[PDB]
Amino acid sequence: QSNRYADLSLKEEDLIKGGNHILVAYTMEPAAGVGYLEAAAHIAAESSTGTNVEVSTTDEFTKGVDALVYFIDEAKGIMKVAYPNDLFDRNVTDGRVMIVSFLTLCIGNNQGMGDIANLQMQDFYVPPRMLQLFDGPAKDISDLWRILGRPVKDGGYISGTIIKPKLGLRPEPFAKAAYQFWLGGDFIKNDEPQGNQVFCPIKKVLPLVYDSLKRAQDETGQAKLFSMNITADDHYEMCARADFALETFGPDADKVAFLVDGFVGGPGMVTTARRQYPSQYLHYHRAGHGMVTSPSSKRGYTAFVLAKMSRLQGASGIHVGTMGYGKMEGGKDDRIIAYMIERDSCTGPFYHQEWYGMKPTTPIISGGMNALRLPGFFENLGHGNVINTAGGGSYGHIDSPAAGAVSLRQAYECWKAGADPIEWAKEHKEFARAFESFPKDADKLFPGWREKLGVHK
Amino acid sequence: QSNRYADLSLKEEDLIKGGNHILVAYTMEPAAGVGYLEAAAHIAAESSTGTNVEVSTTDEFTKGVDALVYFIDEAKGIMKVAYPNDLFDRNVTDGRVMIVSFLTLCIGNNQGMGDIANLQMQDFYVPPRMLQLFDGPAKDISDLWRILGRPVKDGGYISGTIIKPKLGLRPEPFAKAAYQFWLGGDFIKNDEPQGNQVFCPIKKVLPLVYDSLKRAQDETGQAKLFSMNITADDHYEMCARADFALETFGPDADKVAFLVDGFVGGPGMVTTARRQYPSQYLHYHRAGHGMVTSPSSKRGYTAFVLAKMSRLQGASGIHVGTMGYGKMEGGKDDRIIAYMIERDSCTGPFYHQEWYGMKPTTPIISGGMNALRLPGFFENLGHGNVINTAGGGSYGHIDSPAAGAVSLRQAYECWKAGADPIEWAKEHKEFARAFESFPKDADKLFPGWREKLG
Amino acid sequence: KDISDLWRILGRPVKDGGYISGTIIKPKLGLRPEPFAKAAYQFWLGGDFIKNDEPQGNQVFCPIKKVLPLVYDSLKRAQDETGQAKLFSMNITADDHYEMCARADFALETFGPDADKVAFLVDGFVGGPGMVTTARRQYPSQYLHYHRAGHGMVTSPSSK
Ligand SMILES: O=C(O)[C@@](O)(COP(=O)(O)O)[C@H](O)[C@H](O)COP(=O)(O)O
Ligand SMILES: O=C(O)[C@@](O)(COP(=O)(O)O)[C@H](O)[C@H](O)COP(=O)(O)O
Ligand SMILES: [Mg+2]
Ligand SMILES: [Mg+2]
Ligand SMILES: [Mg+2]
């Protein structure tokens, strides 16, 4: 099928300039005894206009929408395919494109082919017209900065946490833990699985959470933010939770973000939040993604691809990991993921992308961070225009959750001032106490801290 | 954490009899330098009530809902976890459980832990009360048999296809292609990506397809079935397509199945079809699943787990592959996947499951099949109470799509009669002509066929 | 839905699960919410199944919003004490389609994790096919209890 579904003489520069194709770059390894080009061509066919044999029903018009392999490097195990724009599904309702079609064609059936050892998407290019037909984000970090009374341009670090334990707190205990963090921090979110468990019903816990928000706001003089999980199988269940949340928070309802477990939940749930509640910050939680985005995986698509898709879907923010600075699987090069979702112009691993003013998706950092690890994280990224949720780093603090929230903020102020963390600790109590809260991390990152800070009987 | 999130003295037999836990069996390999139990215990914690450090907010009540490792085999790389039922989310609207919560906890964050090399679910057990709170299927194959005028019990083989090419046919060509197959076959479905492309809009093609269904019904005197793709990001787009489909088919609207790309589309799209249009057969298409279900994968979950979940979600039927008899990745032991979704009582790789009358999900066979390959597939499976869609096997036939449909039916009749395929071909032209349509398959499966068939 | 779904909830064989004990709340009209809830609790200590009498709904002396949460408390209390599941069949009969749905929605929300144990009773003969289909099509996952009040006006042995 090489003759029909491959044209290795096409120039990528031309395919991009034309603006008539979505381009996709994969890593690929063919099965034993299978030629590399024929594998790529079969993938292109199975991912667009054909199957594994000739069919009587094929006409010449069909060939015009064939996906085409325009580049392969067998030595490097790379293949690139051009997908004509007209292949992708459109809403009958409003003509917009849908991400589920992109997934179906470009990373659907080709993941189960017997003649393919493995196939993973590394990057993709979206031309101007296709980008115009995606929803894109309706809210972004600047809306949160505005609420917090900080500059809508470069408003900087937003301190946050997840309520701990991840499951098991009853309504009153849950509301109290929320209150305690907000005395020092900006941002609280449900842990990914917390919803309407029988031991902590939503109708009971949420009004109490709002009371905690009000009390913290009155006492601190600062606005507070809450990100609520509305993930659910039933579309109308999602809307029921959402409707109840906004009514409950009343005059502070703009401060309610909606969290959706978008990876295991799928594009449907993300779009429900985005289209039915565009005026609420949409928080994309990627739980489960590791099953394909892991460094050891040669299937599906990468974390980078996921983040870039989420921006098109209309996520206000998305988890991008800790880039090797915490407890999940990530490395320092993952900073490109944040750049791609927050900048108007950025170059991915294979494709440069212009966003033409589409709103930025906030990079949200979570997973094993604390005040001691943050200075190193910020140095790698180059800035702090982020939301940083730290469950362990906050509730794990020896003094209080509030002190934990403060320690996170002081760590950012330390890095921003370009100061020495140990010396910074000498003038910032909460930050200093984080060393004693997480001594194993302290010994590794800042050896000799006990001696320098006078932490001894 | 081992002391808290593992109790290897718990008896699995007791955990099952109690009916208070969902049990899950994984393959697991810890990261380098990490002990197996400490890995397992950490996995249990991250999948329920805790994190990687102690927190001041922990109370004693939280421990009662801790997930517990109750079994490990470091040598075989197996671990099993008991998840208390109360952990899982419930609708405020109607109290039922949701599959996305099961996914979030049992195969969510645990796929990205740095101290875990890999982790994949092999099987799970659902106790009676949790099962009562799942939607389950509302329609099944017996509903199709009833329409087709066949016994609602063991109605047997349903011949089918996918329209080929998978993308690109315009409305009139598309509808004409549909008509040609139905002259011989029962069942047509959209290929997984076909919807409202600009070269073939739904409002244009669907009325033409219905015309094709009517012409074939009048001419064959047999009822026909069509499975339409309604997959879409927007819930209300799905409903727009569904509403239009039912109105268009009018008095035959009961013969319309709704196809959903449930893996890439997610539980949200499946439940939209299941709950808003329960009286329509819901066809679960598993496009994308190979990224975790592949034999080469050590992450996510297996095809078996996926299929078992789909039944809980309320799929009327789901793709289960060709079990090593076609072009995708599958083997003969995959027949257990079909058994688990269609039987009332079956034993999985790790757990026996009673279904207590929940409707069976139809095993749908698709992917590189033709009349020559079917006899081997049926012998392995043991029956033909299946829907078999063959795109290439049908439109690939040298004579016609109708002839292709007949050859598929004749292949089932051959196996059912326990006949020799080469000798069966001597009395069935359509079946015989399938040898010439796919000579390469013919040479492998039936060497010397050219001489015997002349 | 059918009786096998009820057998399943009750933990009995889904095939030939046998006798389901039940009752109607007495007096047929007149109990206030607390008295009504108490009567429900008392039967459920021994029985499986309770249903509204055919006319009981939202009378001014016993509003639905008041009584239904109390009935659910009684169902829970009986379940906890007997270790047996209990069933309740609620009248949602009403002229207005949207009144029926309001009652149905409120009932399922109220019963929360036990909402599958709520049946919907419809006075189908005097109420007509419209009301029956409303329950059947808008709430198919809830057991539909057809009450034939009024039927005797034509079905009587004396009727021709
Ligand atoms: O459940 C958890 O583990 C977290 O709350 C982190 O808690 P801690 O702050 O206590 O570690 C986050 O949901 C994960 O980090 C998500 O991972 P990611 O952002 O990589 O997708
Ligand atoms: O798109 C296709 O390739 C098919 O129409 C097969 O066409 P052919 O009959 O022409 O091969 C099916 O969708 C796949 O088999 C799905 O795979 P699975 O059932 O394994 O999920
Ligand atoms: Mg979490
Ligand atoms: Mg297909
Ligand atoms: Mg009565």
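What is reported rests on the model, the rules as stated and the sources as named; nothing here is a laboratory result. Don't worry about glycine lacking a Cβ; one is built from the backbone with ideal geometry, like all the others, and counts go over all protein chains shown.
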Which condition breaks for A:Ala177 when tested against (1) within 16 Å of ligand 3 (Cβ to nearest atom); (2) more than 9 Å from every other protein chain (Cβ to nearest Cβ)? (2)
Which of the residues that make up the stretch A:337-377 are within 16 Å of ligand 1 (Cβ to nearest atom) and without any contact (Cβ under 8 Å) to a residue 40 or more places away in the chain? A:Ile337, A:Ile341
Say whether the condition of being more than 7 Å from every other protein chain (Cβ to nearest Cβ), within 16 Å of ligand 1 (Cβ to nearest atom), closer than 23 Å to A:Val386 by Cα and in contact with a strand residue (DSSP E or B) (Cβ under 8 Å, 6 or more places away or on another chain) is met by at least one residue in the stretch A:244-256. no
Residue pairs qualifying under the 8 Å Cβ cut-off, at least six apart or on distinct chains, with the first in the stretch B:147-158 being free of Cβ contacts under 8 Å to residues at least 24 places away in the same chain and the second being assigned to a loop (DSSP other than H, G, I, E, B), are B:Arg150/B:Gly156
Every residue in the stretch B:180-202 that is facing chain A (nearest Cβ under 7 Å) and more than 26 Å from the chain's Cα centre (by Cα), please. B:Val198, B:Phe199
Examine the stretch C:27-40 for a residue that is surrounded by 17 or more Cβ atoms within 10 Å (Cβ to Cβ) and closer than 29 Å to B:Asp135 by Cα, and state whether such a residue exists. yes
Criterion: crowded, with 24+ Cβ neighbours inside 10 Å and assigned by CATH to the domain that holds A:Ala287 - qualifying residue of A:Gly357, A:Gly392, A:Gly376, A:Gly326: A:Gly392
Has the stretch B:103-112 got any residue that is at the interface with chain A (Cβ under 9 Å from one of its Cβ atoms), closer than 24 Å to A:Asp243 by Cα, among the β-branched types (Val, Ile, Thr) and crowded, with 23+ Cβ neighbours inside 10 Å? yes
Are there any pairs, at least 6 apart or on different chains, whose C-beta atoms fall under 7 Å, with the first in the stretch B:395-419 and of a type in the set (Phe, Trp, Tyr) and the second outside any helix (DSSP H, G or I), and if so, which? B:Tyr395/A:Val55; B:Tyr395/A:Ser56; B:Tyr395/A:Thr57; B:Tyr395/B:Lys164; B:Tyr412/B:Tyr157; B:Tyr412/B:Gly384
Close pairs from the stretch A:444-456: first in contact (Cβ under 8 Å) with a residue 24 or more places away in the chain, partner not in a helix (DSSP H, G or I), Cβ under 6 Å, at least 6 apart: A:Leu445/A:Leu372
Can you find, within the stretch B:274-307, the residue that is nearest to ligand 2 (Cβ to nearest atom) among those that are of a type in the set (A, V, I, L, M, F, W, C) and within 20 Å of B:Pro193 (Cα to Cα)? B:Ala287
So if I check each of B:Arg299, B:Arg274, B:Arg343, B:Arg241, which one is in contact with a helix residue (DSSP H, G or I) (Cβ under 8 Å, 6 or more places away or on another chain) and more than 8 Å from chain A (Cβ to nearest Cβ)? B:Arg274
State all residues of the stretch A:265-293 that are closer than 22 Å to A:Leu105 by Cα and either polar (S, T, N, Q) or within 16 Å of ligand 3 (Cβ to nearest atom) (or both); if no residue qualifies, say none. A:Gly265, A:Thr271, A:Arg286, A:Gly288, A:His289, A:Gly290, A:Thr293
Please count how many residues of the stretch A:279-296 are more than 8 Å from chain B (Cβ to nearest Cβ), closer than 20 Å to A:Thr361 by Cβ and either over 12 Å from the mean Cα position of the chain (by Cα) or hydrophobic (A, V, I, L, M, F, W, C) (or both). 4
Take the conditions more than 28 Å from C:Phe125 (Cα to Cα) and either more than 16 Å from ligand 1 (Cβ to nearest atom) or part of a loop (DSSP other than H, G, I, E, B) (or both) and apply them to C:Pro13. Does it pass? yes
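Could you go through the stretch B:132-146 and let me know if any residue there is over 24 Å from B:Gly262 (Cβ atoms) and either under 24 Å from the mean Cα position of the chain (by Cα) or without any contact (Cβ under 8 Å) to a residue 24 or more places away in the chain (or both).
Our first condition is that a residue be over 24 Å from B:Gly262 (Cβ atoms); within the stretch B:132-146, this holds for B:146.
Keeping just the survivors that are either under 24 Å from the mean Cα position of the chain (by Cα) or without any contact (Cβ under 8 Å) to a residue 24 or more places away in the chain (or both) gives B:146.
Among the residues of the stretch B:132-146, at least one is over 24 Å from B:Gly262 (Cβ atoms) and either under 24 Å from the mean Cα position of the chain (by Cα) or without any contact (Cβ under 8 Å) to a residue 24 or more places away in the chain (or both), which makes the answer yes.
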Tell me, yes or no, whether the stretch B:388-410 has at least one residue that is within 19 Å of B:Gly155 (Cβ to Cβ) and touching a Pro at 6+ places or on another chain (Cβ under 9 Å). no
Taking the stretch B:113-152 and keeping residues more than 9 Å from every other protein chain (Cβ to nearest Cβ) and of a type in the set (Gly, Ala, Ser) leaves B:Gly136, B:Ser142, B:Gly149
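Please verify whether A:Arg299 is away from ligand 4 (no atom under 16 Å from the Cβ), touching a residue at least 60 places away in the same chain (Cβ under 8 Å) and of a type outside the set (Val, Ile, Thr), treating the condition exactly as stated.
Numbers: away from ligand 4 (no atom under 16 Å from the Cβ): yes; touching a residue at least 60 places away in the same chain (Cβ under 8 Å): yes; of a type outside the set (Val, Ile, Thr): yes.
Answer is yes for this residue.
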Please report, ordered by residue number, the strands (runs of 3 or more DSSP E) entirely within the stretch B:311-404 with at least 3 residues that are within 16 Å of ligand 4 (Cβ to nearest atom). B:317-319, B:362-366, B:387-389
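Here are some residues: A:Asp59, A:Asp66, A:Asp7. Which one is within 14 Å of another protein chain (Cβ to nearest Cβ) and in contact (Cβ under 8 Å) with a residue 60 or more places away in the chain? Break it down into steps so the answer makes sense when it comes.
Numbers: A:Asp59 fails: in contact (Cβ under 8 Å) with a residue 60 or more places away in the chain; A:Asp7 fails: within 14 Å of another protein chain (Cβ to nearest Cβ).
Answer to the check: A:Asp66.
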